[PDB]
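Notes for the one structure printed next.
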């Protein structure tokens, strides 16, 4: 029914109380540098030592930051994303961390028979696919564009192009038009609601190029965003293995999803 | 407000009591090919409009062949109805399609090139979805010795499915196995059958009913979310399922996972 | 100890084995292994069975499996591969393998006969059995047929390896069989058997265990499942075996308790 | 359920239709030379009082032939056995296998060994041609008088028989060498007395027993015998006192599968 | 005959310490004193695992 | 193996009467071990 | 006097050793893999 939403909890402070799965994600750089064929089994036997029974750890491979970006998938009670640092792929790193670290609930989007709006401040628009170039226009009350004539698109004010994934925020209080690359991308209107404890990010190298909210006032670095430096991939893997109890202690499992997609689509 | 901490809830038997619900209908091909019109959608729309349902609320996603529809059935919509065109030669696939999309499977992925595995309970199955799956399984005794199959190679195991797109194996509990598929063709996920799913209603238009959702031999139940009607002209099937769509809607219920209060209870 | 009485029991409200599998040959033919029985024995060990007491028996066709049917084993799970052809044969076969049949022989060259209770049938088994009937007036005279004839009879079955014949009762009938080819026993159903469970593969649970039309009594022993490969069926069998065991009970005739109470 | 075997009935001293078919060997009807005899016994039992069509007849062409899986069909059986001065043991073992009910298990012979536990455990081998070879082995598992690798020096106890009752010494394992495709051995426990069948011997004195025990060999009150030169006197005499045979039997012991034994794998 | 796969590395002392310390929660007392009166033995040490 | 057990069974079933009781108790006083239960045989 | 039963219960570890003491006296052999299942036929080509 509602599991209890309207019968509050009762507690005390006077009483003395004194098979799960874990996945990994690694960029193909590691698959290159390793140069072995039996390695994943070694990783299994290791996570045995650290407390996982055999048959409780799986590995996944992504080839680019841009590639993994489209249509995220999650597969275990606990998701660990190992992200390589780069200096020209910053907004993509932050967008991916925002998408996977944060919840989203969105409605589909079209261009055909409507205009669109955000009802409040905390709503965003997400675009994923093979080719996503987004141009947008606001209007006046006159259903007239200011800075883009409503009939012609070439002088539109673009926001995205030559990109795979984009999370855009436009201003409340006006309808919009968009030149989405329709057959080559897809866009949804999502509301973020709250953080999730079913993902964590470990950034190798770099200097904390991350923001989880585009708010200039709040760039809230959390306890799940971790950053270590690397020059040898085996050291990264081992050192992760050494504090897996800590990482499990930083995450929580009661927030897992049923589908393997890190959001919730509700037409 | 207070989430995820299951606390009792007081009701009562002392007080009697005196739109945004969105139908999302699917349909197969030869029906359409016989309909011989491109406005039928609009006719259904206007009818639903007169029935009390908004225009622009109903969408028609089409599946081509049943085996084609078997992959990735993310049926995301406020209320879902699936009319399947029956086959007297394609049965098991219908049964397992019903099984999958009527229950909730929480699954974790596997890497069969490395790990042994073993099922846990009568509620644990292995779903396998994709293009052309050819499962290869090899049971083991207690210290990893082949039984009826040779582990020193790959081609002497005991196959359980060939030329299948979506198949859900159930294995003898408590024994380890070696596994092989082509992990560029289709994917297998180890799913736990958490609890019945209520968002969907499947009705079949064709021969006799075959539907069962339990891989239990003893229990072959007839749920309510599984319905059957005859046909000789699809027009009447559509018209009729809209004639009683009130009763159908009253039978199903809101998805117990997206209710804003199912937070921290598996998908929300 | 104290048999032969029907002695009321009181109470209160305060207080080896054998699993036995029959299978059609075409299956093992599709399997193309031979050590398979040993594999499934190991698996039944893992589910808790003693090593070396589980037996698999092999029948060529359901017709063949119909003639001289004999089950002697603590727990029998019988598989049947459906066909849209033998619906009568499979129904009456599950019937013969669901009940306790008090049977006596017959000689149809010297007497008349009857059915006296609604729990009475005439069962026939043989190589090529084809029986004919002629009901008789109260004056022992034939109708649409004559005791002198053998062809104006009313045909009821034809070369069926097995048949379960029934007629309107309280009325005599002169028959036509071949006894050095077929045997027909006058039998009476008494209760249901707990040593048998019939798993049909393919089909839609079409059984009817009574010549009664008015009801189609479905029970907890006539189970159904679908297939695309045989090892699939066998794995479902072995893993789910415990609930099946809970269905089928020890043979209520078997226990040394039914002695001199029409004990088997 | 259990019908109350755990509950004892109490009594007082104050308070003061079935079938019946007959078995017969071919030689009788042979000397009869008719087809109108079965009609005769039928209508005669009808007269003495039985609803007609309640008395049936099977025929057995030879003791050896009927010695293959005897099926005691009727709720009452009165088997007229023919005596011969040479077929004594077969007659005896048949008469045993039918008066007392047996609980029978099949044996696996080329894969294991076997032993008999109680005093009342036997083996019964049936087949168109039966040949029983037995070789006891002591504790250390070796042959004695029989080289397990071979079989020729074994101790042959039966040859091309129709039926054999075998007993060994309780609890000493044997290697069993048998004709397997022409005979089968069944390890059986003699449960107790069965009360539907009587045997009437025609011929010499009583050889028939119900045991293999030496000190016991009693003329069982049921195992009857008459003299004979003309089978019509036999049948007629049966019909005369047939009531007494009824009143000696008990119509509450019929089996539900109609075989001399209860098959239990 | 097969290339021998390796062992499984026994669970380390530290997390072992932590988890046994954790199990101290659900301990009952009355049952504990009852059990503590009973004497076990070598056979009664291992024949319960 | 069972056979010697049965012979000893018959034997024990008739040596239950030709035993003493007083000496029985006074034996049961002393404690037995591996050394005195089968090494004085 | 019940010491014998508590004893036979207690000192039941050493038995294990003894068993392999039998094994060290025991012979041991392995049995090669057997090839199960039916086998295909092959006759002869038209011989002229």
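Under the simplified labelling scheme, the residue C:152-residue F:8 pair shows an inter-label distance of 8.4 nm, with each label point 7 Å from Cα along Cα→Cβ. For the stretch D:4-62 versus the stretch A:158-182, the spacing of their alpha-carbon centroids is 100 Å. Across all directions, the average projected area of the convex hull around the alpha carbons of the stretch A:47-94 is 4.5 nm². Per residue, chain D reaches -5500 deg cm²/dmol at 222 nm when only DSSP H runs of four or more residues are counted, each adding -39500 (n - 2.57). Dividing the Cα radius of gyration of chain F by its Kirkwood radius returns 1.08 for Rg/Rh. Listed from fewest to most Cβ neighbours within 10 Å, the set E:26, C:194, D:101 follows the order E:26, C:194, D:101. The Rg/Rh ratio for the stretch D:194-253 is 1.00, where Rg is the radius of gyration of the alpha carbons and Rh is the Kirkwood radius. Rounded to the nearest 500, what is chain E's calculated 222 nm mean residue ellipticity when only DSSP H runs of at least 4 contribute -39500 (n - 2.57) each, over all residues? After summing the helix terms and dividing by residue count, I get -12500 deg cm²/dmol. Entry note, the stretch B:141-224: relative contact order of 17 percent, from Cα contacts under 8 Å with a spacing of 6+ residues.
Ellipsoid fit via the Cα gyration tensor, the stretch C:111-189: semi-axes of 20, 17, 9 Å, each the root of five times an eigenvalue, largest first. Neighbour counting of Cβ atoms within 10 Å sorts the residues B:245, G:47, A:241, G:15, fewest neighbours leading, into G:47, G:15, A:241, B:245.
For the stretch B:123-252, the direction-averaged projected area of the alpha-carbon convex hull comes to 11.1 nm². Using the Cβ-Cβ distance between residue D:250 and residue E:46 with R0 = 60 Å, the FRET efficiency computed as 1/(1 + (r/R0)^6) comes to roughly 0.55.
Chain C gives an Rg/Rh value of 1.02, both radii derived from C-alpha positions and Rh following Kirkwood.
The calculated pair-distance distribution of the stretch B:42-187 uses every alpha carbon pair, bins of 5 angstrom beginning at 0, and gives 2, 8, 15, 17, 16, 13, 10, 7, 5, 4, 3, 2, 1, 0 percent. Summed over all non-identical Cα pairs, the Kirkwood treatment of the stretch C:147-199 gives a radius of 14.5 Å.
By its C-alpha gyration tensor, with a ≥ b ≥ c as the square roots of the eigenvalues, how is chain G shaped: rounded for a/c under 1.5, else prolate for a/b larger than b/c, else oblate?
prolate
Applying 1/(1 + (r/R0)^6) with r as the Cβ-Cβ distance of residue F:22 and residue G:6 and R0 = 22 angstrom yields a FRET efficiency of 0.30.
Send over the Kirkwood Rh of the stretch D:114-154, from the inverse of the averaged 1/r over different Cα pairs, rounded to one decimal Å.
Averaging 1/r across every pair of different Cα atoms and inverting gives 12.4 Å.
Annotation: the residues A:116, B:26, sorted from fewest to most other C-beta atoms within 10 Å of their own C-beta, follow the order A:116, B:26.
As a ratio to 2.2 N^0.38 Å, the alpha-carbon radius of gyration for the stretch C:1-111 is 1.53. Projecting the alpha carbon convex hull of the stretch B:73-117 along each direction and taking the average yields 5.2 nm².
Across all C-alpha atoms in the protein assembly as shown, the radius of gyration and Dmax reach 40.6, 133 Å.
Laboratory data are not the source of any read-out in this text; all were calculated from the coordinates shown. Positions of Cβ are generated from backbone atoms using ideal geometry, with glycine treated the same way; all protein chains shown enter the neighbour counts.
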